[PDB]
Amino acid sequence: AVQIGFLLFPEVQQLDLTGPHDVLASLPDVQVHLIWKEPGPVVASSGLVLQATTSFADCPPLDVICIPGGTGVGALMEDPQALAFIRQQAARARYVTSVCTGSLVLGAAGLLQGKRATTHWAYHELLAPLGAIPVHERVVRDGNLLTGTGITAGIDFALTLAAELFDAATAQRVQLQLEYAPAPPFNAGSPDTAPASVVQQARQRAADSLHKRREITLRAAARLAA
């Protein structure tokens, strides 16, 4: 069975994880794990309570690892146990993936050095100090690394992984069974298409978080420099 693992941490943005989970769990001969330091409840940033199924020590070797984003990324960027686990699994995984600010965790773990990558638009400046080549595209692939932007990035790239792990007809069948054909009623999902007034509001609301994450990023970069 293909082994797929998602890191589940306090203050995760749960949709970053639950989207790809439901798609990939629809495939035959997959096993999906929700990984944290021990099994048990983990609370997402919205208050939704999710259950981790396996610990770092008991997790099998993964074929796919996926790091979601969320408020909780700041703590993960300085969690040596989590970063060590990610590095160990990435060494042999067929696919290393992240959604939104999850790529900052890959960066803190050293896995973006010299690699093309993206992250959430408001935090994109933090990729370069972590050694990445920043790219402003919604899905960026460099070798076996896939990084994507948007809360539903993992739904789309899960269909790509289904086609490469199985075949295109399997991916299309899953898409059809889920009737997945999005049609947003607004076109404000990028700073290049949203009204300027909306961009300003969103940037102002992210400013305190960005300031705190600049500090964390510099400390994480210092650890990589040693």
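All residue numbers refer to positions in the sequence shown, first residue = 1.
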Check: Should the higher mean CA B-factor in the entry be assigned to 192-200 or to 47-55?
Finding: 192-200
Checklist line | Comparing 113-121 with 133-141, the one whose average Cα B-factor in the PDB entry is higher | finding: 133-141
Next item on the list: Sort 106, 76, 126, 91 by C-alpha B-factor from the entry and give me just the highest.
Entry: 91
Next item on the list: Can you pull the Cα B-factors for 206, 218, 23, 15 from the entry and say which is highest?
Entry: 206
Notebook entry, point to check: For residue 7, does the deposited CA B-factor place it in the lowest, middle or highest third of the chain?
Noted result: lowest
Next item on the list: Taking the values exactly as deposited, rank residue 181 by C-alpha B-factor within its chain and report the matching third: lowest, middle or highest.
Entry: highest
Item checked: Chain-relative CA temperature factor third for residue 30 -> highest
Margin query: Based on the deposited C-alpha B factors for this chain, I'd like to know if residue 41 is in the lowest, middle or highest third.
Written below: middle
Margin query: Taking only the Cα B-factors deposited for this chain, tell me whether residue 165 sits in the lowest, middle or highest third.
Written below: highest
